[PDB]
Each structure stands twice: as C-alpha cells, then as structure tokens.
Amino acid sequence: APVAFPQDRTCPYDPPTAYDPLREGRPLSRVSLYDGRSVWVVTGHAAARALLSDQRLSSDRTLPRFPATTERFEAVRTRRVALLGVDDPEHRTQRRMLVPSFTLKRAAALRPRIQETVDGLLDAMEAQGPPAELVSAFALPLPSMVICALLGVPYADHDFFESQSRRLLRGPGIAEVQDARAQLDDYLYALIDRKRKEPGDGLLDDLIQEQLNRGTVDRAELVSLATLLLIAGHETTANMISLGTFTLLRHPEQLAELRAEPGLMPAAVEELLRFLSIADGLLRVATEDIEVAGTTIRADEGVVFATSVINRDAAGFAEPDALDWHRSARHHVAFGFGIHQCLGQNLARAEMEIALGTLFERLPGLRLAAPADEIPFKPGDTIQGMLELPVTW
C-alpha cells in the first residue's frame, strides 16, 4: 500500500513518522492522495532541485491532470492563481513587475520599521503581563502589519482579512472556501477601485499606476496577486515565528547558543527554515515526460514535493535531523527553488531574524505555558505552524 499523502505531523517541527518509508525511498516514490489517486513524491534534495527547475513541470492547477490533495482544493482549482499558479512566459512577466518591491535592499531598508513593530508588540505583551497567546499577540501581527504597509492594505481590516484567509486556506468545506474567497475578492475589488480614484502608497498602488494604467494587467489579476501576497505575506511568516519559537523552546541547548552569540541569528533562521519546512507538499504536474533518478515521470502524472523529507536528505545535509547552527543550511528548499522560488524570502528573513531574536533578547525567561504536546498546530493538508502558542516569562 503506498503511503497516503499528506498526513498530520505528530511533532510539529518533524516530518510525520508515517513518512518513514519516504525517507527510505529517496529520491522518488509514489504516494496516494485523498481520492486514492497515485502520484509521484519527490523526496531527494538533488532531484527536488532538478525538478523544480524543469519547465516540463507546470504549476497551473487548472490543467486536467493537476493533482489535488484535498476535496476543497479540487473544487477551487478551476481558477488560476496569478504568479505562483502560472507558467513562463506569463510567470516571468508577472514576477518582473513585483521583483523591485522585494529586493534584499528593500528588505534591509525595512528593518528599522520591522524592529519598531516587534518592539511595540513585545511592549504590549509586557504591559498586559504574562501569560500570552503568542500567535495572536506577536507571530501574526508582525508580518500582517508589515505586508499591509508594503501592499497598501489597511491593517485596520486585519480581523476581516485574517479571518477570511484562514477559511480560504483551511475550509473545511467547499462552501467556507467559496464564501471566504468571495468576501476577500469583493474587499479587494473595492480597494483597488478606491485606489484608482485616490492613489495611496503601496505596491498595489504601484501596480495600478505602472501596470494597469499601461494596460499591462487587469483587475482580476491584481486581486489574485493581492490575495496571494497578503496571505503568503502573513501566514508563512507567522507560522515560522510561532513554530520557530516552539522549536527553539524545545531545544534548550541550541537556544542557549543563540542567546550567547546573537550573531548566529541569520544562520539560525536559515536552519529553522530547513528543519521546519512548513510549506510541505508543493504541487506540480508533468506536461511532458521527464527522465530522472533512472525512472520516467510521464506527461500528466502528479508530482508532489515532500519539502520536509527533502530537507532531511543526508545527501543534502550532514546529520540532517539535527538542529544545528554551524553546518550550513544553504541550498534547503523550504523557500522552493527555480521558477517559483519565494519572492518574499528577503523580507521573510528580516522578519524572522528580528522577531525571534528580539523576542528571546527581551523575554529571557520565555517558556511554554502549557504542556508541549497539548499545544495545537495545523493539520497536514495545509502550511504547517502553531494555531496557538501559550507562553510565559
């Protein structure tokens, strides 16, 4: 019986034990999705990297044979997602409009603001006193506030858009997903319309001006790009901050090193990215045959990338299952690779460094406020992260 994919984690920062056979099937195995369909899983580092660079894999989920890992997804997959869900040459043209807003230089220039936002968040936690619920108090507002400012979406609407984002990603039913998407779409169409008559500051305003008013894009494409950036902007980073904190608290000795040597923080973020691999199960379909690792992925077969197992490939990383700040994590695929490699990674690094580093610098007593194995975390059919994170100090 193939391993069923995906499955819930049991320890939120490790691959599930049910993936043990995938660890031994490297670089490539087969797996069963929810409707019984059989597809390729990619489990080796070298093969992941080859394949994520191969224009013979498609990310367009509207293709007839594109794999669906949930019923919910199967239902919405008749609609394209801008950028992430588009192939070259169109992917390329979209990316180019966005890239200037997401440079390393832009990220470095935002750091003072990131630092101030984090300081204000930890200040409020400290004013209210422990315990705190770290996801809602910190891990979520930092990146939500930041992407709102960067995009020109008002953080004042965060309760609405965060709520709809959750329903959108998680459902659980088709109806929840369609309702969330409609509410978000209508919110974003109104926003864009408002911005057309009275421009603000923000990437969305730049896209309207420098793109739409050239005829280079339309409004639906903007809504799609805006949804993708708003959601990836806040969800991925919040999950990295919350799961990162949880992981660090459960590895006292690695945490103590970062405490002594804060200069390690960039390397720790990169290692936390590899070790946690929250964006697990990336989806493609072959549109032509691809020979790889001595077999052939054939046209129309589903291909799923088991990011977590890949980033624990010993060929990729010595002692891959150790959390370590000194063995390079460079070349991990937690931000993907090739064509769709994370647009927001420069920003995401600055956020995680500043947030995690300041958190532990400022609340040196920090610790879990409930038993570890009672703290809820997200299921395996979505991007991994804590749902809550009770802490004290």
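Numbers follow the displayed sequence, beginning with 1.
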Given 268 to 276 and 197 to 205, the range whose Cα B-factors average higher in the PDB entry: 197 to 205
Between the two ranges 283 to 291 and 117 to 125, the one averaging a larger CA B factor in the entry: 283 to 291
Top Cα B factor in the deposited entry, candidates 186, 71, 179, 157: 71
Out of 38, 341, 358, 346, highest CA B-factor residue: 38
Cα B factor band for residue 138 (lowest, middle or highest third within the chain): lowest
Residue 28 - Cα temperature factor, lowest/middle/highest third of chain: highest
B-factor third for the C-alpha atom of residue 170 within its chain: highest
For residue 147, the third of its chain into which the C-alpha B factor falls: lowest
Where the record places residue 332 (Cα B-factor, split into thirds across the chain): lowest
